[PDB]
$ cat model-v1.cif   # mmCIF, C-alpha atoms
data_target
loop_
_atom_site.label_atom_id
_atom_site.label_comp_id
_atom_site.auth_asym_id
_atom_site.auth_seq_id
_atom_site.Cartn_x
_atom_site.Cartn_y
_atom_site.Cartn_z
CA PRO L 1 16.15 36.12 155.96
CA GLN L 2 12.52 36.95 155.26
CA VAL L 3 12.02 33.42 153.86
CA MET L 4 14.19 30.57 155.12
CA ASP L 5 15.61 28.12 152.60
CA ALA L 6 14.70 24.44 152.71
CA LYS L 7 17.11 22.00 154.31
CA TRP L 8 18.61 19.15 152.28
CA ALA L 9 20.31 15.91 153.27
CA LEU L 10 21.33 12.50 151.93
CA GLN L 11 20.85 9.04 153.42
CA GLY L 12 22.20 5.53 153.04
CA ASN L 13 19.77 2.69 152.36
CA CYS L 14 21.90 -0.39 152.98
CA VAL L 15 20.03 -3.48 154.19
CA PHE L 16 21.78 -6.41 155.87
CA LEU L 17 20.94 -9.63 154.03
CA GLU L 18 22.01 -13.09 155.13
CA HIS L 19 25.35 -14.04 153.56
CA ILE L 20 25.74 -17.66 152.46
CA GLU L 21 29.38 -18.61 151.90
CA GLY L 22 29.46 -17.66 148.20
CA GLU L 23 27.04 -14.73 148.03
CA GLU L 24 27.78 -11.51 146.21
CA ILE L 25 27.04 -8.72 148.68
CA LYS L 26 24.26 -6.50 147.34
CA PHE L 27 24.97 -2.79 147.46
CA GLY L 28 22.81 -0.07 148.96
CA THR L 29 21.45 3.21 147.65
CA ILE L 30 21.12 6.85 148.69
CA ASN L 31 18.20 9.27 148.53
CA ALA L 32 17.95 13.03 148.99
CA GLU L 33 15.25 14.40 151.30
CA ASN L 34 14.56 18.13 151.65
CA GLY L 35 12.70 20.02 154.34
CA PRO L 36 10.03 22.72 154.17
CA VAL L 37 10.21 26.50 153.83
CA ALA L 38 9.31 29.05 156.51
CA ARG L 39 9.09 32.85 156.64
CA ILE L 40 8.98 35.49 159.37
CA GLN L 41 6.53 38.40 159.53
CA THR L 42 6.94 41.91 160.95
CA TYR L 43 4.65 43.27 163.67
CA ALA L 44 4.47 46.69 165.28
CA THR L 45 2.32 49.08 167.29
CA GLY L 46 2.91 52.53 168.74
CA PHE L 47 1.67 55.47 170.75
CA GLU L 48 1.50 59.24 170.28
CA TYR L 49 1.11 61.76 173.09
CA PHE G 1 9.38 7.41 156.81
CA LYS G 2 5.94 7.25 158.42
CA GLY G 3 4.87 9.77 161.02
CA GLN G 4 7.53 12.31 160.14
CA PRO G 5 7.92 15.39 162.37
CA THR G 6 7.53 17.75 159.39
CA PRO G 7 6.47 17.83 155.72
CA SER G 8 9.26 16.65 153.45
CA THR G 9 9.99 15.53 149.90
CA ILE G 10 12.20 12.50 149.20
CA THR G 11 13.87 12.46 145.77
CA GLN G 12 14.86 8.85 145.15
CA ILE G 13 17.85 8.57 142.80
CA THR G 14 18.39 5.33 140.92
CA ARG G 15 21.25 2.84 141.14
CA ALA G 16 21.15 0.00 138.62
CA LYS G 17 24.13 -2.18 139.56
CA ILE G 18 23.46 -3.99 142.84
CA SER G 19 26.15 -6.69 142.93
CA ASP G 20 29.15 -7.86 140.93
CA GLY G 21 27.23 -10.92 139.72
CA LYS G 22 29.98 -13.49 140.28
CA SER G 23 27.45 -15.72 142.10
CA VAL G 24 23.70 -16.32 142.31
CA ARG G 25 21.39 -17.59 145.04
CA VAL G 26 19.06 -20.37 143.86
CA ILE G 27 16.31 -22.37 145.56
CA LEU G 28 16.53 -26.15 145.23
CA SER G 29 13.33 -27.75 143.97
CA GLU G 30 11.84 -31.00 145.28
CA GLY G 31 14.02 -33.31 143.17
CA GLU G 32 17.24 -31.28 143.52
CA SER G 33 20.12 -31.70 145.96
CA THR G 34 23.67 -30.35 146.00
CA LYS G 35 27.11 -31.09 147.40
CA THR G 36 29.82 -28.55 148.11
CA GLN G 37 32.21 -27.63 145.29
CA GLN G 38 30.39 -29.61 142.59
CA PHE G 39 28.73 -28.54 139.36
CA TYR G 40 24.95 -28.27 139.10
CA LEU G 41 22.29 -26.70 136.89
CA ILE G 42 19.62 -25.20 139.16
CA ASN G 43 16.97 -22.71 138.00
CA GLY G 44 18.60 -22.19 134.62
CA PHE G 45 21.95 -21.22 136.20
CA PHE G 46 25.00 -23.46 135.83
CA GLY G 47 27.89 -23.20 138.25
CA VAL G 48 29.78 -24.73 141.14
CA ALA G 49 27.55 -25.30 144.16
CA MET G 50 29.36 -23.78 147.13
CA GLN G 51 27.31 -25.59 149.83
CA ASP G 52 25.42 -28.81 150.43
CA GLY G 53 21.67 -28.40 150.12
CA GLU G 54 18.40 -30.30 149.97
CA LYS G 55 14.96 -29.36 148.67
CA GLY G 56 13.81 -25.99 149.94
CA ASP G 57 17.38 -25.02 150.89
CA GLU G 58 19.39 -22.10 149.50
CA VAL G 59 22.73 -22.69 147.77
CA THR G 60 25.01 -20.36 145.82
CA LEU G 61 26.40 -21.12 142.36
CA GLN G 62 29.80 -19.76 141.39
CA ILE G 63 29.48 -18.35 137.86
CA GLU G 64 32.71 -16.35 137.76
CA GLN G 65 33.69 -17.51 134.23
CA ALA G 66 36.97 -18.70 135.73
CA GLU G 67 38.91 -21.86 134.89
CA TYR G 68 37.44 -24.86 136.71
CA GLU G 69 38.54 -28.44 137.33
CA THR G 70 36.06 -31.30 137.03
CA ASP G 71 35.80 -35.07 136.71
CA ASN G 72 32.04 -35.46 136.04
CA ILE G 73 32.46 -36.14 132.33
CA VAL G 74 31.14 -38.94 130.16
CA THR G 75 34.23 -41.13 129.97
CA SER G 76 33.40 -42.61 126.56
CA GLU G 77 34.01 -39.25 124.82
CA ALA G 78 37.35 -37.58 124.18
CA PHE G 79 37.73 -33.98 125.38
CA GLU G 80 40.46 -32.33 123.33
CA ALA G 81 41.73 -28.91 124.32
CA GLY G 82 39.42 -26.18 123.07
CA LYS G 83 36.42 -28.43 122.41
CA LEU G 84 33.13 -26.85 123.41
CA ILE G 85 31.82 -28.75 126.44
CA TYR G 86 28.10 -29.16 127.15
CA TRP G 87 26.07 -30.11 130.22
CA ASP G 88 23.66 -33.06 129.97
CA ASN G 89 21.11 -32.47 132.71
CA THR G 90 19.57 -35.94 132.34
CA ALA G 91 22.89 -37.69 132.99
CA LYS G 92 24.23 -34.80 135.12
CA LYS G 93 27.53 -34.99 133.24
CA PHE G 94 29.68 -32.89 130.95
CA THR G 95 29.50 -34.02 127.32
CA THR G 96 30.63 -32.80 123.92
CA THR G 97 27.46 -34.23 122.36
CA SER G 98 25.65 -30.86 122.38
CA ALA G 99 22.31 -31.60 120.62
CA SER G 100 19.72 -30.29 123.14
CA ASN G 101 22.35 -29.99 125.89
CA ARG G 102 23.30 -26.65 127.40
CA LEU G 103 26.61 -25.05 126.46
CA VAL G 104 28.62 -24.46 129.62
CA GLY G 105 32.31 -23.91 128.83
CA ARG G 106 35.32 -24.67 126.68
CA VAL G 107 38.00 -27.21 127.54
CA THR G 108 41.40 -25.72 128.41
CA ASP G 109 43.18 -28.97 129.33
CA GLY G 110 42.24 -32.24 127.70
CA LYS G 111 41.08 -35.46 129.30
CA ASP G 112 44.05 -36.93 131.17
CA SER G 113 44.37 -40.59 132.16
CA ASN G 114 42.31 -39.89 135.30
CA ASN G 115 39.37 -38.45 133.28
CA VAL G 116 40.05 -34.98 134.73
CA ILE G 117 39.57 -31.89 132.56
CA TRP G 118 40.04 -28.15 132.93
CA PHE G 119 37.56 -25.81 131.27
CA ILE G 120 36.48 -22.16 131.36
CA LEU G 121 32.87 -21.56 132.33
CA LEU G 122 30.94 -19.62 129.69
CA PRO G 123 28.68 -16.63 130.49
CA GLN G 124 25.42 -18.65 130.42
CA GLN G 125 23.84 -17.04 127.37
CA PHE D 1 61.42 15.35 118.24
CA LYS D 2 61.65 18.22 115.73
CA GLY D 3 64.97 19.43 114.39
CA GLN D 4 67.02 16.61 115.88
CA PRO D 5 70.59 16.36 114.52
CA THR D 6 70.26 12.88 113.00
CA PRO D 7 67.46 10.66 111.68
CA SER D 8 65.99 8.23 114.19
CA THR D 9 63.58 5.35 113.62
CA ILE D 10 60.53 4.94 115.87
CA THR D 11 59.86 1.28 116.70
CA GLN D 12 56.34 1.00 118.12
CA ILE D 13 56.20 -1.74 120.77
CA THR D 14 52.80 -3.19 119.92
CA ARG D 15 50.22 -3.93 122.60
CA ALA D 16 46.58 -4.97 122.25
CA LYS D 17 44.72 -4.15 125.47
CA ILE D 18 43.49 -0.54 125.41
CA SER D 19 41.05 -0.58 128.35
CA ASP D 20 39.45 -3.08 130.71
CA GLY D 21 36.22 -2.98 128.70
CA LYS D 22 33.80 -2.63 131.61
CA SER D 23 32.11 0.41 130.04
CA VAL D 24 31.80 1.82 126.52
CA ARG D 25 31.53 5.43 125.34
CA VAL D 26 28.85 6.14 122.73
CA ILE D 27 27.52 9.23 120.96
CA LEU D 28 23.75 9.69 120.89
CA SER D 29 21.98 10.05 117.55
CA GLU D 30 19.24 12.54 116.67
CA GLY D 31 16.50 10.29 118.10
CA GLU D 32 18.16 9.09 121.31
CA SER D 33 18.13 10.52 124.83
CA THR D 34 19.39 8.99 128.08
CA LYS D 35 18.67 9.36 131.78
CA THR D 36 21.20 8.54 134.47
CA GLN D 37 21.30 4.91 135.60
CA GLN D 38 18.81 3.55 133.06
CA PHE D 39 19.07 0.85 130.41
CA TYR D 40 19.48 1.84 126.76
CA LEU D 41 20.55 0.17 123.51
CA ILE D 42 22.70 2.79 121.77
CA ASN D 43 24.97 1.87 118.84
CA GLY D 44 24.76 -1.88 119.33
CA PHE D 45 25.80 -1.74 123.01
CA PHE D 46 23.27 -2.40 125.76
CA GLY D 47 24.02 -1.17 129.25
CA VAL D 48 23.36 1.29 132.04
CA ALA D 49 23.53 4.92 130.92
CA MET D 50 25.85 6.71 133.35
CA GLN D 51 24.99 10.22 132.08
CA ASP D 52 21.96 12.35 131.36
CA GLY D 53 22.49 12.67 127.62
CA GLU D 54 20.35 14.44 125.05
CA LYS D 55 20.60 13.97 121.27
CA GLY D 56 24.16 14.57 120.12
CA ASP D 57 25.66 14.27 123.62
CA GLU D 58 28.40 11.87 124.76
CA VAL D 59 27.10 9.12 127.05
CA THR D 60 28.66 6.12 128.80
CA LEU D 61 27.08 2.66 129.01
CA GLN D 62 28.11 0.21 131.72
CA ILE D 63 28.47 -3.32 130.32
CA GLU D 64 30.24 -4.87 133.32
CA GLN D 65 28.22 -8.13 133.12
CA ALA D 66 27.33 -7.54 136.77
CA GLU D 67 23.96 -7.91 138.49
CA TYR D 68 21.43 -5.14 137.86
CA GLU D 69 18.04 -4.02 139.16
CA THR D 70 15.42 -2.85 136.66
CA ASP D 71 11.74 -1.93 136.80
CA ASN D 72 11.49 -1.56 133.00
CA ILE D 73 9.91 -4.97 132.32
CA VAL D 74 6.75 -5.61 130.34
CA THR D 75 4.22 -6.25 133.09
CA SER D 76 2.01 -8.73 131.21
CA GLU D 77 4.73 -11.39 131.09
CA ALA D 78 5.91 -13.42 134.09
CA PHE D 79 9.63 -13.14 134.84
CA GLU D 80 10.96 -16.09 136.86
CA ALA D 81 14.43 -16.89 138.14
CA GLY D 82 16.63 -18.30 135.39
CA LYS D 83 14.45 -17.21 132.47
CA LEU D 84 16.41 -15.53 129.69
CA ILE D 85 15.43 -11.86 129.42
CA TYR D 86 15.46 -9.94 126.13
CA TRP D 87 15.25 -6.26 125.19
CA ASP D 88 12.39 -5.03 122.98
CA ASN D 89 13.93 -1.95 121.38
CA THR D 90 10.61 -0.86 119.84
CA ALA D 91 8.88 -0.70 123.24
CA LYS D 92 12.13 0.05 125.12
CA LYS D 93 11.35 -2.60 127.74
CA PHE D 94 12.67 -5.95 128.87
CA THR D 95 10.77 -9.03 127.74
CA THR D 96 11.11 -12.79 128.09
CA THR D 97 9.73 -13.41 124.59
CA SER D 98 12.77 -13.86 122.36
CA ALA D 99 11.26 -13.10 118.94
CA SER D 100 13.88 -10.88 117.23
CA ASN D 101 14.76 -9.09 120.48
CA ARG D 102 18.35 -8.81 121.65
CA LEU D 103 19.48 -11.18 124.40
CA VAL D 104 20.58 -9.02 127.32
CA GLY D 105 20.65 -11.07 130.53
CA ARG D 106 19.26 -13.79 132.75
CA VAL D 107 16.83 -13.19 135.60
CA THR D 108 18.10 -13.90 139.13
CA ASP D 109 14.98 -12.82 141.08
CA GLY D 110 11.45 -13.25 139.79
CA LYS D 111 8.92 -10.51 139.19
CA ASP D 112 8.03 -9.21 142.66
CA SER D 113 4.93 -7.22 143.60
CA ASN D 114 6.33 -3.93 142.26
CA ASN D 115 7.45 -5.54 138.96
CA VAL D 116 11.12 -5.24 139.97
CA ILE D 117 13.55 -7.94 138.84
CA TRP D 118 17.24 -8.66 139.27
CA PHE D 119 19.25 -10.03 136.37
CA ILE D 120 22.85 -10.59 135.29
CA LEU D 121 23.76 -8.68 132.14
CA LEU D 122 24.89 -11.08 129.43
CA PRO D 123 27.74 -10.21 127.03
CA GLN D 124 27.26 -8.02 123.98
CA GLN D 125 26.16 -10.69 121.51
CA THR O 1 12.86 50.92 154.36
CA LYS O 2 13.90 49.25 157.59
CA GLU O 3 13.20 45.89 155.94
CA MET O 4 15.81 46.65 153.27
CA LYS O 5 18.50 47.23 155.88
CA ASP O 6 17.50 44.22 157.97
CA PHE O 7 16.46 41.52 155.49
CA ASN O 8 18.64 42.34 152.45
CA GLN O 9 21.98 41.24 153.88
CA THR O 10 23.99 42.56 150.93
CA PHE O 11 22.47 46.02 151.30
CA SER O 12 24.14 48.40 153.74
CA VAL O 13 24.86 52.10 154.11
CA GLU O 14 28.44 51.56 152.90
CA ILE O 15 27.15 50.94 149.37
CA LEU O 16 25.13 54.16 149.43
CA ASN O 17 28.05 56.19 150.79
CA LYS O 18 30.25 54.72 148.06
CA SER O 19 27.81 55.95 145.41
CA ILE O 20 27.59 59.39 147.04
CA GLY O 21 31.37 59.67 146.85
CA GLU O 22 31.55 58.40 143.27
CA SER O 23 28.79 60.65 141.93
CA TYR O 24 30.30 63.53 143.91
CA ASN O 25 33.67 63.07 142.21
CA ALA O 26 31.92 62.78 138.86
CA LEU O 27 30.16 66.05 139.65
CA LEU O 28 33.51 67.73 140.30
CA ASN O 29 34.75 66.69 136.86
CA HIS O 30 31.50 67.90 135.30
CA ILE O 31 31.15 71.38 136.80
CA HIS O 32 34.82 72.16 136.13
CA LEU O 33 35.18 70.61 132.65
CA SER O 34 31.67 71.10 131.24
CA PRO O 35 32.41 74.82 130.59
CA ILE O 36 35.22 73.67 128.29
CA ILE O 37 33.50 70.89 126.33
CA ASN O 38 30.05 72.46 126.13
CA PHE O 39 31.16 75.93 125.00
CA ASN O 40 30.06 77.14 121.56
CA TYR O 41 33.54 77.97 120.31
CA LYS O 42 33.87 80.80 117.82
CA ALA O 43 36.00 80.59 114.68
CA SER O 44 38.89 82.34 116.42
CA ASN O 45 39.16 79.51 118.98
CA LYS O 46 38.68 76.67 116.45
CA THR O 47 41.52 75.01 114.55
CA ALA O 48 40.94 72.54 111.73
CA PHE O 49 42.48 69.11 111.18
CA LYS O 50 45.53 70.26 109.17
CA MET I 1 28.44 5.69 141.97
CA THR I 2 25.96 8.07 140.28
CA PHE I 3 27.21 11.65 140.63
CA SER I 4 25.38 12.41 137.38
CA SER I 5 22.25 11.35 139.31
CA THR I 6 22.99 13.83 142.13
CA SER I 7 24.23 16.56 139.78
CA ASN I 8 20.73 17.99 139.26
CA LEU I 9 20.29 18.42 143.04
CA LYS I 10 22.16 21.72 143.13
CA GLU I 11 21.26 22.41 146.77
CA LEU I 12 23.38 19.47 147.96
CA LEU I 13 26.51 20.74 146.21
CA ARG I 14 28.85 23.40 147.55
CA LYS I 15 28.23 26.97 146.40
CA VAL I 16 31.61 28.53 145.58
CA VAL I 17 31.38 31.95 143.95
CA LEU I 18 33.62 32.72 140.99
CA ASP I 19 35.30 35.95 142.06
CA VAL I 20 35.09 38.42 139.16
CA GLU I 21 35.55 42.19 139.18
CA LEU I 22 32.06 43.70 139.49
CA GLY I 23 31.02 47.30 140.07
CA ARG I 24 31.52 50.66 138.41
CA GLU I 25 35.06 51.91 137.92
CA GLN I 26 36.62 54.47 140.25
CA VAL I 27 36.47 58.16 139.28
CA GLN I 28 39.48 60.49 139.36
CA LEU I 29 39.53 64.27 139.77
CA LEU I 30 41.05 65.34 136.46
CA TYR I 31 40.22 69.06 136.55
CA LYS I 32 42.86 70.00 139.14
CA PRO I 33 45.72 71.12 136.82
CA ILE I 34 43.25 73.36 134.93
CA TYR I 35 41.88 75.20 137.99
CA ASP I 36 43.06 77.48 140.78
CA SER I 37 41.64 76.40 144.14
CA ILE I 38 40.54 78.92 146.76
CA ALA I 39 38.81 77.23 149.69
CA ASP I 40 37.60 79.97 152.02
CA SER I 41 34.70 78.52 154.01
CA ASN I 42 33.07 81.98 154.34
CA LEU I 43 32.71 82.63 150.61
#
$ encode --input "model-v1.cif" --output "structure tokens"
Amino acid sequence: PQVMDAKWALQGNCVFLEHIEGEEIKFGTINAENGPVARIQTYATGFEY
Amino acid sequence: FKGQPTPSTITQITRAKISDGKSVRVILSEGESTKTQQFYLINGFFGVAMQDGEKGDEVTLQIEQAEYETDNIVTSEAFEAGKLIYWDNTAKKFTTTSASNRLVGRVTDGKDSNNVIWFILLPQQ
Amino acid sequence: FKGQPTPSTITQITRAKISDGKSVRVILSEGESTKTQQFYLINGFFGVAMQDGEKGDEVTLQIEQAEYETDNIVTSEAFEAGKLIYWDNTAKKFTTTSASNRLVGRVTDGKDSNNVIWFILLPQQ
Amino acid sequence: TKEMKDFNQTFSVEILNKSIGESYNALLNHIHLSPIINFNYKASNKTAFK
Amino acid sequence: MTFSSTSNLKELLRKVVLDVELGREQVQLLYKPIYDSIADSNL
């Protein structure tokens, strides 16, 4: 297209903590990151004879 | 992250619950020590210490609100079934005296001949 | 059954438990709005709002009594592990000062640099 | 424009040819039936509700 | 856990179009019984 849509993606943010014998494991989280936009121009020349 | 290869926008989305909360990690102070599978009150949390620990060591308290078995009662008092049971931090013993003592459970099975009781840990309000 | 040949008596086998009670459904009033995964006190129940809900919408609060992460504390106070944590409904923020505030939990991790704390949600007293 | 053909993916000559055919058929109905509807009928060719 | 938290991010979700009849209706040639057709190309 003339202008290209931004990318999107999710992630996982789990971190490994030390686990003592009776610890409740602590859950992770996700975030959404999105990329930038880009567009394409048109160029042209010519001749006449 | 730092030094990305391109401009970007991160939309953090929240997540409140982090763990089921059946146990808590607590630091032992200078005068505190623990033995495995025994009741303690450390940092305002009462529960069964799952590991031995000394000062500066990390131990985990089981606070599941399950039915627990204990013998660390004051023997002079009777513990009938259903009596509210309190923790005396000075004596480090379960009592029904209450007064300034913390409320910690409710007796399910009364004091047998061996001074053993069963009680249900309360949610630590 | 409609138009059955003969009369028949319906004996309702009574039961008490309707749901596990981990979360409660509430209807927002004309001065209440909710964001996803944030703490609100709506109709006497305090918990994590699972829906973006405007006035008049239908919103769910999680009351699982699990461990939760919140940045909504009052920053002047010092939140330490074990300190009982209350909810100031006028300021819509957590606070250690009891006063007439509702009791909502107990802190598991003290106030870090970013004013984030972990606590265990206490029952709906 | 050449940009319309290239960048507008939905656009194509098939859509234009479809509209040429449709408006052409609608023309055929018009030129052949307009003399009937649009005529200023005289009293001899008019009949009332009855 | 928080699909209501990701619900606003429409670009993550799948885009499935609800197929519904769009476009002008087809046109029929109704005049034919009323007319006599002569189709000489050299008229």
$ interface_residues --input "model-v1.cif" --of "chain I" --to "chain O" --cutoff "12 Å" --atoms "all atoms listed in the file" --output "ChimeraX atom specification"
/I:23-37
$ atom_distance --input "model-v1.cif" --atom1 "CA of residue 22 in chain L" --atom2 "CA of residue 23 in chain G"
6.7 Å
$ resolve_selection --input "model-v1.cif" --expression "the PyMOL selection byres ((chain L) within 8 of (chain G))" --output "CSV table (one decimal) with C-alpha atoms, in the frame of the given file"
chain,number,residue,atom,x,y,z
L,20,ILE,CA,25.7,-17.7,152.5
L,21,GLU,CA,29.4,-18.6,151.9
L,22,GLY,CA,29.5,-17.7,148.2
L,23,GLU,CA,27.0,-14.7,148.0
L,24,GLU,CA,27.8,-11.5,146.2
L,25,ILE,CA,27.0,-8.7,148.7
L,26,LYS,CA,24.3,-6.5,147.3
L,27,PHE,CA,25.0,-2.8,147.5
L,28,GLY,CA,22.8,-0.1,149.0
L,29,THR,CA,21.4,3.2,147.6
L,30,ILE,CA,21.1,6.8,148.7
L,31,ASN,CA,18.2,9.3,148.5
L,32,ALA,CA,18.0,13.0,149.0
L,33,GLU,CA,15.2,14.4,151.3
L,34,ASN,CA,14.6,18.1,151.6
L,35,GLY,CA,12.7,20.0,154.3
L,36,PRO,CA,10.0,22.7,154.2
$ resolve_selection --input "model-v1.cif" --expression "the PyMOL selection byres ((chain L) within 9 of (chain O))" --output "number ranges by chain"
L: 1-2, 42
$ write_last_selection --input "model-v1.cif" --atoms "C-alpha atoms" --output "PDB file, in the frame of the given file"
ATOM      1  CA  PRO L   1      16.150  36.120 155.960  1.00  0.00           C
ATOM      2  CA  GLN L   2      12.520  36.950 155.260  1.00  0.00           C
ATOM      3  CA  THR L  42       6.940  41.910 160.950  1.00  0.00           C
TER       4      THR L  42
END
$ atom_distance --input "model-v1.cif" --atom1 "CA of residue 83 in chain D" --atom2 "CA of residue 95 in chain G"
23.1 Å
$ interface_residues --input "model-v1.cif" --of "chain L" --to "chain I" --cutoff "9 Å" --atoms "all atoms listed in the file" --output "ChimeraX atom specification"
/L:7-10,32
$ closest_atom_pairs --input "model-v1.cif" --of "chain I" --to "chain D" --cutoff "9 Å" --atoms "only C-alpha atoms" --output "tab-separated table"
residue	atom	partner	partner_atom	distance
I:2	CA	D:50	CA	7.1
I:3	CA	D:50	CA	8.9
I:4	CA	D:51	CA	5.7
I:5	CA	D:36	CA	5.7
$ atom_distance --input "model-v1.cif" --atom1 "CA of residue 30 in chain G" --atom2 "CA of residue 55 in chain G"
4.9 Å
$ interface_residues --input "model-v1.cif" --of "chain D" --to "chain G" --cutoff "12 Å" --atoms "all atoms listed in the file" --output "ChimeraX atom specification"
/D:22,35-39,47-50,61-72,80-86,102-110,116-125
$ resolve_selection --input "model-v1.cif" --expression "the PyMOL selection byres ((chain L and resi 39) around 10)" --output "list in words"
residues 1, 2, 3, 4, 5, 37, 38, 40 and 41 of chain L
$ axis_aligned_box --input "model-v1.cif" --around "range 114-122 of chain G" --padding-each-side "4 Å" --output "JSON"
{"center_x": 36.6, "center_y": -29.8, "center_z": 132.5, "size_x": 19.4, "size_y": 28.3, "size_z": 13.6}
